[PDB]
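Encoded as structure tokens, the following chain is the form deposited in one PDB entry, with no partner shown.
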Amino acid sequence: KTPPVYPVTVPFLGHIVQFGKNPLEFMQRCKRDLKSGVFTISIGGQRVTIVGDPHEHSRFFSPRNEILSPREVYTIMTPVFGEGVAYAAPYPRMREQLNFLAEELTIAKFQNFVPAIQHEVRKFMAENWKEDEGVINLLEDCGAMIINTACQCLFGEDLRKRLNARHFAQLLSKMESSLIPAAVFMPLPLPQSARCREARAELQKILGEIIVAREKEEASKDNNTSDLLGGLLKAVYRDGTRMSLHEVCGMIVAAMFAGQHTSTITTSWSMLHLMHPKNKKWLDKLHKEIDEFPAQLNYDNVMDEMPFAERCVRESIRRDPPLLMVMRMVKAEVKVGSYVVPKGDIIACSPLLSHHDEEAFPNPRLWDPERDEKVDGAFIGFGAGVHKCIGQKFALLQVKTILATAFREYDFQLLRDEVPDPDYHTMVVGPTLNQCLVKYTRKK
């Protein structure tokens, strides 16, 4: 009934060093030996059960919060967002908040986002690269465009005056450094947390000033309105109470914190694969889809007249997933396949491992946009079941618009021998930085 177990040498540390070493091979090794998609590591004296069989994915995403709580595994962000936030609040209360945020991001509000994106990317592009031939670092250049572009989308004219794009990105960085690597459960705000403390206060203060001047204008029936934040102001709690500054501040940061890293990486990988002598066959196929539109795109042609472009962004995520793995605690015993897991254990499901199973994908390491899964429910890049990612629709529309606006004017060329390798150092994994140098050209 119990799952198979791996044997450790030292009692003090369980397979921690092996993790630091590339874990893709490590995890594969085990699966081939114990011949099973389910086993337990027991890391650092603390058992951890991995579910790594495409067939069993539903036994893990389908179950409710009372049986499997997410609050406990992630407890460090708690410290970052605000006090008593998500995972920082009662489930009945938390569940409520997710919904207000979700409504903000919907197809019903994408109407005016497109043309705004093109402007920002063109502004930056025409000033940052000016010579006919130049050398730039892609990974560093996709990060600037992602940040400056969202704000055009979600911040009000008056809110951008008191906060520029550049400055804001710096503010987010300080909070991140608070992240502690190797801070394994279990061990508290440290000096790096002292900076994190300051950053939010400065962000909390500036919010108040924009409100006072907006209300008088909000008074008088100001015509524009439309701010997501404004939409957030109206929100009414179920019992019958309105949101406090503290919480609003928290939600906003959340939105901004989640988007930047993941989208950037996704964009970066997509341009590399696409500029290589090998992947030439599919480079034409793209031009066969972007040489009909005018110089000014509109909502329609990007949502429904760009099907294939969407097939490229997918394969990229599938092959090199930004997020290594998701986890949760077991408040009660749960059945899995032909085995069962006791109570008080830690169970995890890995996108990285699943995307490399031979049964679902014939060749895991190859890059093909026209491939299809042989087993239904294998991919799970954007998550699944009850916990499904929200920014999905938004991130895609933004990523697609960028690709479209760049290949139309510039032609890129990679200097290195072959596509860059992954770097497992950080917690959110993207391509290695020193291999990203590229040379750009210009048509016409």
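Rigid core (definition): largest C-alpha set, two forms, superposition within 1.5 Å. Each residue number is its position in the shown sequence, starting from 1.
Coordinates for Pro189 are absent from at least a third of the other compared entries of this protein that model residues on both sides of it. Checked against the other entries of this protein, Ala235 counts as resolved in every one of those spanning it, not missing from a third of them. Coordinates are absent for 4 to 9 residues of the deposited sequence placed between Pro187 and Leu188. According to the PDB record, 300-308 carries the higher mean C-alpha B-factor of the two stretches 356-364 and 300-308. Averaged over their C-alpha atoms, the temperature factors of 171-179 and 258-266 are higher for 171-179. Remark: of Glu373, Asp132, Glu215, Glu202, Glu215 shows the highest value [criterion: C-alpha B-factor in the PDB entry]. In this entry, the residue among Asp417, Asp411, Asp33, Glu56 with the greatest C-alpha B factor is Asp33. Annotation for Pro422: C-alpha temperature factor in the lowest third relative to the rest of the modelled chain, per the entry. When all modelled residues of the chain are sorted by CA temperature factor, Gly45 is found within the highest third. The deposited CA B-factor of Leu228 belongs to the highest third of values across its chain. Remark: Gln152 belongs to the middle third of its chain, ranked by C-alpha B-factor as recorded. Annotation for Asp158: CA B-factor lies in the middle third of the chain's modelled residues.
Just so it is clear, the following notes concern the form deposited in another entry, a form of the same protein that is not shown.
Shown in the overlay between this form and the one not shown, fitted on the rigid core, is a CA shift at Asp222 of 2 Å or greater.
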